Amino acid sequence: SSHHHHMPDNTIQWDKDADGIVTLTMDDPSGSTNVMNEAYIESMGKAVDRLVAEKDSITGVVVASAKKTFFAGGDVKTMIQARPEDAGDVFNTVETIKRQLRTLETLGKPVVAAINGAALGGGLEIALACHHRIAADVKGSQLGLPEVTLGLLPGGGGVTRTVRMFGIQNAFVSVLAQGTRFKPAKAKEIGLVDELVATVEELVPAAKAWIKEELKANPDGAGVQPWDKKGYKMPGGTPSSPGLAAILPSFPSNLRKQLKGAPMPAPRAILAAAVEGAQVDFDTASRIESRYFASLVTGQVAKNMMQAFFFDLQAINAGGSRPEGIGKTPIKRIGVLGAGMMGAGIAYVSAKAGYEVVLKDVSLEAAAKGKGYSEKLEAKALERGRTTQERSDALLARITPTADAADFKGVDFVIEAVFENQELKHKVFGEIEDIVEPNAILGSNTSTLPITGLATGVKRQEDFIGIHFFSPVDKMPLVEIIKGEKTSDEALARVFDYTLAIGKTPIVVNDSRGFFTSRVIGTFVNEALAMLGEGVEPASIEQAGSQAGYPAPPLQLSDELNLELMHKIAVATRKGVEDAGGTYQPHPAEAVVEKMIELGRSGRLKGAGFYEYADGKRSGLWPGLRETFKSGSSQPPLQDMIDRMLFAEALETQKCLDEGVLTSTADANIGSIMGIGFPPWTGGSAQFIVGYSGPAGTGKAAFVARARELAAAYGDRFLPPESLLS
Amino acid sequence: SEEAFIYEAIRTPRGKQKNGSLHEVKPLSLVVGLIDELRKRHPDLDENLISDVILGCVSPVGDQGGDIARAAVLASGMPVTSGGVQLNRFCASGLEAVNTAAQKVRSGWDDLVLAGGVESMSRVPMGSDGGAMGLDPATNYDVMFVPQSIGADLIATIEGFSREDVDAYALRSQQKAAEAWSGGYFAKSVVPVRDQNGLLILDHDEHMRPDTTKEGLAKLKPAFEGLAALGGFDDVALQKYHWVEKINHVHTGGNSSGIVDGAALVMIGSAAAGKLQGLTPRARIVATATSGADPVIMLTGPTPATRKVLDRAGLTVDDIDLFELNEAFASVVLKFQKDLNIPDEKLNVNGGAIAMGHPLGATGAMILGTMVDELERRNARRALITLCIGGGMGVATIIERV
Amino acid sequence: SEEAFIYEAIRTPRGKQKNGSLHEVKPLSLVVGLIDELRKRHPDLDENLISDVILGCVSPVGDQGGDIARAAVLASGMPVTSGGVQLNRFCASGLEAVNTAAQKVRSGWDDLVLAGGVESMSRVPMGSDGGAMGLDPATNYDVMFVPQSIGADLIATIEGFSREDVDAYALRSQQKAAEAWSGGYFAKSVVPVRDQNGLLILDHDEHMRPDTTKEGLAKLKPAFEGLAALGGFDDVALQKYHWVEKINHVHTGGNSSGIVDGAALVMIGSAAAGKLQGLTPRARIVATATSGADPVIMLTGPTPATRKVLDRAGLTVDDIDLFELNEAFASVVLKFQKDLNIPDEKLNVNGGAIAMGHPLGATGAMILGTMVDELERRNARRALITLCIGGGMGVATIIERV
Ligand SMILES: Nc1ccc(S(=O)(=O)O)cc1C(=O)O
Ligand SMILES: Nc1ccc(S(=O)(=O)O)cc1C(=O)O
Ligand SMILES: Nc1ccc(S(=O)(=O)O)cc1C(=O)O
Ligand SMILES: Nc1ccc(S(=O)(=O)O)cc1C(=O)O
Ligand SMILES: Nc1ccc(S(=O)(=O)O)cc1C(=O)O
Ligand SMILES: Nc1ccc(S(=O)(=O)O)cc1C(=O)O
Ligand SMILES: Nc1ccc(S(=O)(=O)O)cc1C(=O)O
Ligand SMILES: Nc1ccc(S(=O)(=O)O)cc1C(=O)O
Ligand SMILES: Nc1ccc(S(=O)(=O)O)cc1C(=O)O
């Protein structure tokens with residue numbers, strides 16, 4: 001076995017000091033970040049070969065980085081291309097990576113990780129192979145193993161080593177299962193990092209200082225990890241320990257409970273590799289981890305998630321949908337119209353980013369309550385330790401509540417968030433447009449009404465634009481930017497830049513009824529209501545939504561969207577094509593919507609919907625539901641219920657792409673995941689097509705075949721459009 | 001076609017889990033004591049003609065490891081040619097041992113076989129032996145492992161058995177068990193346990209509470225100790241049974257089987273081997289069967305296993321005089337009664353595991369012997385014995401009085 | 001009654017104990033892989049006709065606890081009515097599972113059964129399950145317990161087998177196993193183990209030492225690991241065999257069975273079962289037999305078990321074309337050959353456990369399938385398979401090619 005794996009430009013600089021301490025400085029000339037790629041593997045192969053060849057003249061090793069970060073990420077381009085027949089190459093690659101780290105780990109001399117910045121994924125895996133971890137406590141630095149967020153697992157020893165350090169349960173829950181990132185203080189607190197320094201300049205000196213004192217005070221234990229000592233006791237016990245064996249069967253059930261039964265092969269594989277590895281020696285455990293890693297890489301879900309959460313997201317953040325050539329424009333003061341759930345959330349995320357915000361409503365009492373939303377959030381954040389008092393006071397001081405339109409003086413970025421009504425929005429904008437700066441963005445948070453119509457109520461229509469948020473705004477990550485017919489490319493890029501500044505992700509959508517998010521999530525909700533009218537058990541419908549991977553079951557979401565509002569969208573979509581000389585075929589859900597309204601069960605805001613409500617809390621499905629819709633009279637397979645909701649949105653997304661509502665599949669995927677909650681395992685409602693796998697097979701053809709099978713059984717809305725055919 | 005006959009069927013008293021009388025007694029001693037009792041009843045018997053000893057044991061570790069059936073053959077001084085094999089089919093192990101002994105006699109390659117089971121749950125708790133369906137995440141995650149008690153709660157939810165319904169069955173089991181003891185039905189088959197000095201350790205089923213009232217059963221809290229309180233299992237069960245909204249947790253320690261210690265032995269042999277040793281046959285093994293159902297609900301395998309053994313014997317429910325189904329949980333028995341329309345007065349007529357206990361590996365052999373005695377005491381003809389099993393299995397046997 | 005037939009008989013390669021290829025493989029995965037291979041060979045078989053899966057397993061703890069036979073049914077997605085039972089009769093568990101499957105078919109109350117065994121001794125060492133004896137000094141003291149290796153040295157001492165005699169048998173076993181592998185005898189029955197990606201893990205019996213020399217065997221030191229190297233067991237053995245003055249310790253790691261991981265599956269059913277599913281019968285189970293001898297010498301129980309199964313089939317040693325006895329220790333095979341005057345060219349003709357390993361629970365079904373293949377290859381008619389057992393037991397089976 002070799003430290004090599006069969007050109008690559010060397011990535012590691014070698015320096016042996018007078019005392020024999022070898023410093024390995026990782027510096028990939030091909031990028032701003034050290035990445036676990038083919039060049040790294042070959043370079044660390046040479047470096048580890050040399051550490052062995054010169055063992056008689058080497059007393060310690062320091063692993064350092066010349067980049068702003070320590071080491072972050074792996075070779076996604078290669079991993080996403082790995083076919084099932086390439087499983088041997090993927091297995092051998094991580095097996096070679098871990099032979100290098102295992103040799104480094106067992107040289108007979110201490111190795112210290114000088115962590116100057118972010119150490120993520122394979123970067124932390126390198127540091128975990130060292131015996132001591134010193135981290136510079138700088139801004140922006142993060143440490144963690146986020147491989148699971150790409151559908152992978154820490155296959156470079158992260159699973160095996162964190163389980164040896166912390167035990168099965170703590171390593172899985174705290175580090176592995178969610179790929180959580182930690183700032184250096186938390187990293188030291190939980191044990192990922194051993195000690196901290198205030199500046200990066202102290203790092204290598206602190207590393208060499210630790211090597212020297214470790215050699216003097218612990219000469220027999222220097223360079224020996226805890227699991228390589230004879231009396232090693234795994235924290236929490238091994239699977240054969242009676243205390244751990246008692247609770248171990250509950251770990252997979254708690255995992256199914258958290259993931260609600262959705263397809264999540266990576267967490268399942270991490271838990272298996274964690275437990276299976278704790279039953280055997282370290283080397284055998286490491287190989288088991290390689291096999292589960294190769295199992296994920298060659299599977300479709302990891303390719304769905306690598307496509308969405310690596311490629312699509314970076315294409316979006318790099319400006320894929322941002323108009324070319326437009327420069328930067330500063331935002332000095334944001335004016336938010338309306339202090340409800342949306343406006344209060346917009347005012348919070350804006351002020352949290354550092355923007356001065358004027359929060360206007362009809363009364364100072366209302367505006368103050370809007371700012372109260374931010375103060376309830378900051379209060380929770382303070383007592384939980386996620387922020388300081390100084391930074392929290394500064395945030396809240398940036399929100400000025402008011403009821404006077406005169407207080408919008410000097411606003412250069414308007415975000416309107418009042419009631420969904422054409423004429424109200426016309427008047428609200430009319431009485432501020434001459435008060436705000438002449439270059440002010442005139443943004444409207446609307447989910448239904450086309451932007452081109454709302455824009456006519458302002459003089460400077462080239463600066464009117466849709467800025468669609470999602471509640472709760474402090475937690476929802478997407479901003480849907482809708483381009484009206486008069487909206488300029490400059491206004492588009494200014495809102496695009498604002499979105500990134502407040503820490504959200506933008507998609508750019510052309511004006512159309514329902515835009516992308518509202519139109520697509522309507523098909524998901526309407527498909528469930530149709531199933532309810534057909535006589536399917538409400539509990540089965542809700543289970544189908546969660547096991548499909550959705551963050552909220554559809555009947556629960558319907559109560560929160562209000563069935564009255566759903567009726568209005570339907571009444572307004574009928575006129576939108578009959579008053580324009582077209583045909584409108586009612587959705588089956590409208591009969592279900594209108595009978596719930598007829599019974600006074602319009603949703604949660606009224607206190608009664610598909611669920612009963614008591615004390616501001618949901619309390620089970622309404623028992624009159626089964627008699628009202630003859631629940632149980634229709635019992636299709638659960639997979640048919642799942643596919644009906646997934647396919648309805650995937651087909652509506654393709655329609656949006658065909659009509660030019662969306663301009664990229666990256667916007668469609670991230671827009672569906674972050675905007676409305678399309679399951680991450682799908683990679684998005686557009687990636688769901690290219691990666692669909694079921695009975696028939698895998699790919700666009702299998703999606704078309706399954707869509708045709710659905711159309712035969714449930715209606716022609718499932719028939720695939722021409723663009724998905726040969 | 002060699003027919004198989006039950007010549008003896010005995011068992012120890014069932015000692016309770018906490019401060020139990022049998023906690024100081026090794027499970028091997030429980031089996032040897034029953035072997036010694038068979039010797040006192042047949043000192044004439046040529047033990048060389050005994051070709052095997054088949055013991056069910058669900059947790060064969062520690063005190064119950066190393067083929068406890070063979071250790072019983074050797075520790076009791078039986079001939080070394082008498083074999084000794086341990087088997088585990090979860091709750092059915094005691095009856096599976098009897099059925100396997102019957103099938104070994106029918107095949108004609110064994111003549112006289114001892115069969116039964118032993119389970120000292122106070123010394124070797126359930127789950128002591130490990131296993132992949134629980135302690136292997138990939139397999140656990142895929143088969144959707146749910147503990148048996150939640151399957152019982154789910155059965156009550158689906159069938160509409162209320163907390164009062166299952167408690168009503170718990171009360172009748174306590175009452176019928178106390179009546180069987182007071183009536184002396186158990187005096188000949190329950191062999192008291194004694195120490196190496198001959199001093200009494202236990203002569204009765206400690207777990208019984210013959211003064212149980214329906215008011216006391218209603219005070220008990222639903223199951224909260226053990227594996228079913230660790231989390232996630234309700235959600236796992238409802239992910240498969242996606243049409244029920246919430247599980248009604250009706251089962252308590254008062255309407256679930258008792259965790260006890262005990263052992264049971266049954267002597268099975270051909271008609272020729274019987275008359276060759278001067279043994280009087282007590283009953284005939286008419287037929288056996290094994291069937292199963294979904295492993296998540298887990299406790300509905302008895303119903304197809306009962307139909308299968310009935311089809312095999314050319315019989316129906318109206319041909320059976322007594323029905324004996326292990327009382328793992330009250331809902332499991334009520335489900336079985338509802339499914340097959342079992343008359344109430346034919347079902348578990350001497351009480352069951354709710355009152356007396358369910359020593360896993362031994363229970364099947366205990367309730368079989370319970371039916372051998374009750375058929376003979378009533379001068380009735382046929383009895384059907386069945387048990388639910390973990391992982392969704394089921395076993396059933398029909399015996400006929402001789 | 002009903003004739004029982006062998007339709008398929010496969011096994012994994014045997015991975016070695018120290019730095020073995022199968023050490024990273026869970027014993028459940030070894031069984032599921034064989035289930036998957038039977039599916040590949042009979043894709044249209046109605047698995048609902050399979051009524052039970054019977055696995056031998058001597059250390060049913062940890063990865064091998066919780067009724068691993070049931071876990072294999074559920075993990076492989078077999079019908080939930082297919083049962084699953086684990087049994088332990090020490091070394092004969094693998095053949096006992098096949099025998100029990102055959103007898104269940106003969107009884108008529110089963111039609112198609114999977115039988116075999118699994119033992120991952122690198123993950124679950126022998127003795128891991130404890131034992132009702134070693135933890136009970138009163139029982140241990142009375143039964144005069146002695147490890148199997150010392151009974152093997154005692155057999156060599158009594159019969160006059162020298163260190164060169166047993167090492168000579170160890171050589172023939174390494175040679176014949178190599179010849180069988182080279183001649184491709186094992187090509188279609190040894191199913192290579194692959195991981196969740198299809199990558200090869202092991203495809204051969206890696207415990208084999210095909211370049212073994214008499215000079216090399218003569219350099220090995222006598223058995224010095226495990227229980228035997230502890231104190232007192234020679235004195236205990238000679239207290240019973242009081243006419244023997246000194247035990248000649250001739251057995252080493254080179255002439256004793258290898259500690260290995262492996263599994264084996266055999267498909268057994270009635271003629272109607274095969275006709276219905278379109279299965280070709282390979283051999284017929286002519287007769288089975290269990291017997292034994294003294295548990296201190298422990299390993300001489302194959303002689304009456306073989307005599308009894310020949311007596312049961314109306315056959316003699318001359319009628320048997322192939323003899324397969326498990327190579328637990330060289331002296332055990334030499335004693336069996338001396339006792340019955342077995343022609344040297346009929347005995348373990350494809351090598352044995354000394355070359356390829358002895359995965360306790362699985363060995364019985366492995367050497368059984370080894371004889372199904374060789375009777376077919378040689379176009380011979382009859383084979384007898386037998387194994388010694390701890391505690392002084394023995395099991396034998398006669399098969400006839402169809
Ligand atoms: N978004 C990511 C999540 C996880 C990882 S990894 O776990 O370091 O491979 C890398 C990235 C990245 O985009 O570079
Ligand atoms: N408290 C309510 C909130 C909302 C609505 S509805 O959505 O306009 O139907 C009605 C009520 C009501 O009480 O009548
Ligand atoms: N796709 C179905 C729709 C309805 C029903 S029914 O309500 O049980 O008639 C059954 C199915 C099925 O596939 O079994
Ligand atoms: N309508 C589309 C627009 C853009 C792209 S993209 O350039 O691959 O992002 C793809 C499509 C598609 O329909 O597949
Ligand atoms: N063969 C028997 C053995 C034991 C008993 S018992 O002691 O009354 O239970 C009765 C009989 C019988 O013939 O009825
Ligand atoms: N002591 C009895 C004798 C016979 C019968 S019966 O004729 O088999 O129904 C029943 C009983 C009983 O106690 O209910
Ligand atoms: N789990 C099963 C595996 C195989 C088959 S069969 O061979 O196609 O009949 C059926 C089932 C079943 O569950 O009914
Ligand atoms: N029914 C059989 C199944 C398997 C094989 S084997 O693969 O050549 O071992 C042979 C036969 C046969 O008919 O001889
Ligand atoms: N290759 C053989 C074919 C047939 C037979 S025999 O017919 O069993 O004699 C023996 C051999 C052998 O290898 O010794």
Side-chain angles (χ1 to χ4, degrees), chain B residues 9-37 55-64 68 71-72 75-76 91 93-94 116-128 170 173-174 177-178 180-182 185-212 225-226 253-254 256-266 326-328 350-370, chain C residues 132 135-136 138-139:
Chain B
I10 60 178
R11 64 179 188 272
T12 71
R14 281 163 255 190
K16 50 177 182 165
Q17 178 188 37
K18 301 183 179 307
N19 290 102
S21 295
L22 299 187
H23 185 61
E24 62 169 305
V25 183
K26 315 207 79 168
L28 178 60
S29 304
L30 297 174
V31 179
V32 172
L34 299 184
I35 292 176
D36 289 329
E37 171 65 18
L55 297 191
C57 188
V58 179
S59 301
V61 306
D63 278 348
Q64 301 183 157
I68 190 167
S76 76
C91 314
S93 297
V118 56
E119 203 76 45
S120 186
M121 302 181 77
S122 70
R123 301 176 65 89
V124 188
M126 186 182 185
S128 300
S173 177
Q174 297 282 1
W181 266 102
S182 73
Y185 303 176
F186 297 158
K188 294 174 177 182
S189 294
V190 174
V191 182
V193 180
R194 301 179 172 277
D195 73 348
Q196 53 272 48
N197 304 293
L199 304 176
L200 183 66
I201 297 178
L202 184 59
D203 63 8
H204 65 284
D205 297 326
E206 276 181 329
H207 189 74
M208 290 182 295
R209 296 184 176 93
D211 285 331
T212 295
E225 254 178 302
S256 305
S257 67
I259 301 176
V260 298
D261 308 333
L265 267 196
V266 176
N326 183 39
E327 304 176 349
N350 289 336
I354 290 178
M356 289 171 287
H358 171 34
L360 305 191
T363 307
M366 288 184 172
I367 66 177
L368 177 134
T370 298
Chain C
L135 293 161
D136 187 6
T139 289

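Chain identifiers are assigned alphabetically (A, B, ...) following the order of the sequence lines, protein sequences preceding nucleic acid strands; residue numbering begins at 1 within each chain.
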Inset, instruction - Tell me, please, which residues at least two apart from B:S122 pass side-chain contact (heavy atoms from CB on, under 4.5 Å). - result: B:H23, B:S120, B:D261
Inset, instruction - Quick one: list whatever passes side-chain contact (heavy atoms from CB on, under 4.5 Å) with B:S21, sequence neighbours left out. - result: B:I201, B:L202, B:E206
Heavy-atom pair of closest approach, residues [X] and [Y]:
| X | Y | value |
| --- | --- | --- |
| B:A362 | B:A264 | O-CB, 4.0 Å |
| B:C57 | B:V118 | SG-O, 3.6 Å |
| B:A180 | B:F186 | CB-CZ, 3.5 Å |
| B:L360 | B:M126 | CD1-CG, 3.8 Å |
| B:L30 | B:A263 | CB-CB, 3.8 Å |
| B:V260 | B:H358 | CG2-N, 3.6 Å |

Mind checking the [atom1]-[atom2] spacing from [X] to [Y]? Nearest 0.5 Å is all I need.
| X | Y | atom1 | atom2 | result |
| --- | --- | --- | --- | --- |
| B:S59 | B:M121 | OG | CE | 7.0 Å |
| B:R123 | B:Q64 | CZ | CD | 9.5 Å |
| B:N326 | B:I354 | CG | CD1 | 9.5 Å |
| B:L28 | C:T139 | CG | OG1 | 5.0 Å |

Any side-chain heavy atom of [X] within less than 4.5 Å of one from [Y]?
| X | Y | answer |
| --- | --- | --- |
| B:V25 | B:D195 | no |
| B:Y185 | B:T370 | no |
| B:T12 | B:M366 | yes |
| B:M356 | B:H207 | no |
| B:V190 | B:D203 | no |

Do side-chain atoms of [X] reach the backbone of [Y] as a donor and acceptor pair under 3.5 angstrom?
| X | Y | answer |
| --- | --- | --- |
| B:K26 | C:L135 | yes |
| B:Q174 | B:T212 | no |
| B:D205 | B:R14 | yes |
| B:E119 | B:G262 | no |
| B:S173 | B:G352 | yes |
| B:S128 | B:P125 | yes |

Inset, instruction - May I have the step-by-step check of side-chain contact (heavy atoms from CB on, under 4.5 Å) for B:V193 and B:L22, ending in yes or no? - result: CA-CA 8 Å; B:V193 180; B:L22 299 187; 3.9 Å; yes
Inset, instruction - Test B:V191 against every option in B:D36, B:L265, B:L34 by the side chain to side chain contact (heavy atoms under 4.5 Å, CB included) rule and name the one that passes. - result: B:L34
